[PDB]
Amino acid sequence: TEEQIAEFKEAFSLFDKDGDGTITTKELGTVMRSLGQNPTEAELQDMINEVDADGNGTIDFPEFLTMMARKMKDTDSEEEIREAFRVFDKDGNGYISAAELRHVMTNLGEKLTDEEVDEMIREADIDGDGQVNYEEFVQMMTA
Amino acid sequence: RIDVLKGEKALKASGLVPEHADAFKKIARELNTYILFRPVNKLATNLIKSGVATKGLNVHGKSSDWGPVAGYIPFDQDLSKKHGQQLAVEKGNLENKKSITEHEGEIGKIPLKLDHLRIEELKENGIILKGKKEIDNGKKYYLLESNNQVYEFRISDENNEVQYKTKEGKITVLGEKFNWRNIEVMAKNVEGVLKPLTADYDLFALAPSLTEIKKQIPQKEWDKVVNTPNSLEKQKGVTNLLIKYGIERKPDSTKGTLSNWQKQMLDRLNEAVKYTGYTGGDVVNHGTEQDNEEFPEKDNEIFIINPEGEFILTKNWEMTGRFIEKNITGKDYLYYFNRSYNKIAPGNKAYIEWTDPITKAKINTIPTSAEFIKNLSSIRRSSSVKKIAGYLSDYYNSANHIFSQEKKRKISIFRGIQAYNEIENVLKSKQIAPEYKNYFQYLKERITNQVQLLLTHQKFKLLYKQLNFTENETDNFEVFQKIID
Ligand SMILES: Nc1ncnc2c1ncn2[C@@H]1O[C@H](COP(=O)(O)CP(=O)(O)OP(=O)(O)O)[C@@H](O)[C@H]1O
Ligand SMILES: [Ca+2]
Ligand SMILES: [Ca+2]
Ligand SMILES: [Yb+3]
């Protein structure tokens, strides 16, 4: 979409002490993460060699914009994930609680103990409020 | 208590054929799953019952609800219920035109034939009355009156064909005038013969019970997840099976976008009516309204059949929302609402509101970096501290899972005030964009409520004084640690 391109290109200038929209692979990962991804050092490589077989290490929009072009394929399941979050949140408070997790779980078969359940919530919990918000639910589902 | 209609009175307002809605009671119980329908042209019910073929997505022309062609899909869309509305009629006609050509052979058009029995039904419905006789070029005709102002109709005594023409001095929405001419209706090909079409049943939604979804999962794919030692991967894995076997939908060649359980439900439903005698083919021809993201419709009344086989009919959109909330979305049932809601649908520019719990929480949670950026991509429509889009990336750090809640709250309450700092000095610079100043005065408010929250979970501006902004490493984090006690 326009925004899709708008987004990437938008961040591409947040950190580019070059001004010509042609950063380095030293920050390529710094960008993909501040935007919502977590690429491994291995991936930040094989790709920065195929499409960017240039031999300079300078990444410009045309390059970066095309690379995202592919990753943002299967990962885009963001829509389902968000709809999934809403399935758990039975009271529609915007947060997923341990109790609610038990329900979704028992109804799917896997019966769990109040012990185990509270263990799951606490693992997904990132800011320690005892509940999981969509932001967190996303991490736990992507990250 | 919510003012809804029930049983017989509700079935009457639905437009569905009674026999059919009854046959549907079975499925709702068997599969334990709510079936919600959209209004059904009330003048189409008898046609459907008598076995007239219903229409698929390859025919978008609207049906009529008045005049001799009530119930059918008139080729001339000004005879449809969208009568008098120029833009709609035009879109209607363009649609019929595409159906006739882009699907040549499958969809055609033929002269409307009102038989002896239909005329009677139209009289009972007070839609048209058989008028006086008339002869034209040696042909016997009987006029058909209607309280309509633009047209006049008459039917042939020989083959029962209905004709129409504009009235003296009157003009068409499209600015036309013309004499006597057949009324053509949209038809589909069946064994080399064109048969007229009528409205079909449009599912508004389908809400199946989570247990009913389970059955959709291979019992050995689930096992491989139910037994994952690590929890964080076990959860993500359980969620991915829900998405995969119950939430995810895909575009089909003719049934529009729908999931797989939905396809089965479709089939069961069409089989259910066949068992009762319907001889026209399918009666439900495509996915639900929740995937109609481009041209979403908003009906005042939804006809519901619950898993106990009962008939409910909501009175208004708000009521449809209460019902779904109280009996489905908050009661262990699979459900998802149209993605276009709370947005401007692209197709028809519709703006249908719906209650979204994730947003209720927005005011008290801080944004992830992405959301921070994508809100500088949409903000940059009506028109360098990457440190903020970093802190926010720090706040939601999965590494946090090896610490204690006490710990988590501490570092988060810190990583927050951190972000609440960079934003502060940015607003301390130039109000670059008049409306950007808002996004920040806003984030600041969110960040505030978020921090203030974690604190009460244990023990804001009060503490925003005694803290370092001064030099920039783990020296600031020091004073902090002590302050919280
Ligand atoms: N102009 C258009 N372009 C593309 N799709 C359209 C469209 N108008 C309607 N649709 C599609 O058609 C569906 C709306 O129902 P329709 O198939 O048009 C007939 P209906 O709801 O049974 O009403 P009817 O009684 O007037 O015939 C939506 O799911 C939407 O995808
Ligand atoms: Ca909740
Ligand atoms: Ca949390
Ligand atoms: Yb339809």
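By the numbers in Swiss-Prot, the shown part of chain B spans 292-674, 693-768, 773-798.
Each residue, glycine too, has its Cβ placed from N, Cα and C.
Pulled from Swiss-Prot, these are the features on record:
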ACT_SITE  B:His351  active site, proton acceptor
BINDING   B:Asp491, B:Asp493, B:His577  Mg(2+) binding site
BINDING   B:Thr548, B:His577, B:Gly578, B:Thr579  3',5'-cyclic AMP binding site
REGION    B:294-349  region 'Catalytic CA1'
REGION    B:350-489  region 'Catalytic CB'
REGION    B:490-622  region 'Catalytic CA2'
- Anchor-to-anchor distance, in angstrom and between Cα atoms, for B:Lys768 and B:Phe773 with 4 residues unmodelled between: 12
- Query: Given 18 unmodelled residues, what's the whole-number Å distance between the CA of B:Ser674 and the CA of B:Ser693?
  - Reply: 17
- Determine which residues of the same chain, besides B:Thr548, B:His577, B:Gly578, B:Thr579, have their CB within 8 A of the center of the CB atoms at the recorded 3',5'-cyclic AMP site, and list them by sequence. B:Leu494, B:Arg540, B:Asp543, B:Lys546, B:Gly547, B:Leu549, B:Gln553, B:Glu580, B:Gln581, B:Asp582, B:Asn583
- Message: Just to be sure I understand, if DSSP states are collapsed into helix, strand and coil, how many residues of the region 'Catalytic CA1' (B:294-349) fall in each?
- Response: 26 helix, 9 strand, 21 coil
- Query: Tell me, how many other CB atoms lie within 10 A of the CB of B:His351 (active site, proton acceptor), whichever protein chain they belong to?
  - Reply: 17
- Hey, how far is B:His577 (Mg(2+) binding site) from B:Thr548 (3',5'-cyclic AMP binding site), Cα to Cα, in Å? 8
- Note on the structure: Taking the centre of the Cβ atoms of B:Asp491, B:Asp493, B:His577 as the Mg(2+) site, the remaining residues of that chain with Cβ inside 8 Å are B:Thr345, B:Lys346, B:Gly347, B:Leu348, B:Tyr492, B:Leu494, B:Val575, B:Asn576
- Counts of helix, strand and coil residues, the region 'Catalytic CA2' (B:490-622), according to DSSP: 56 helix, 17 strand, 60 coil
- Task: Select the closest residue to B:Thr548 (3',5'-cyclic AMP binding site) from the following recorded positions, measuring between CA atoms: B:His351, B:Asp491, B:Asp493.
- Result: B:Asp493
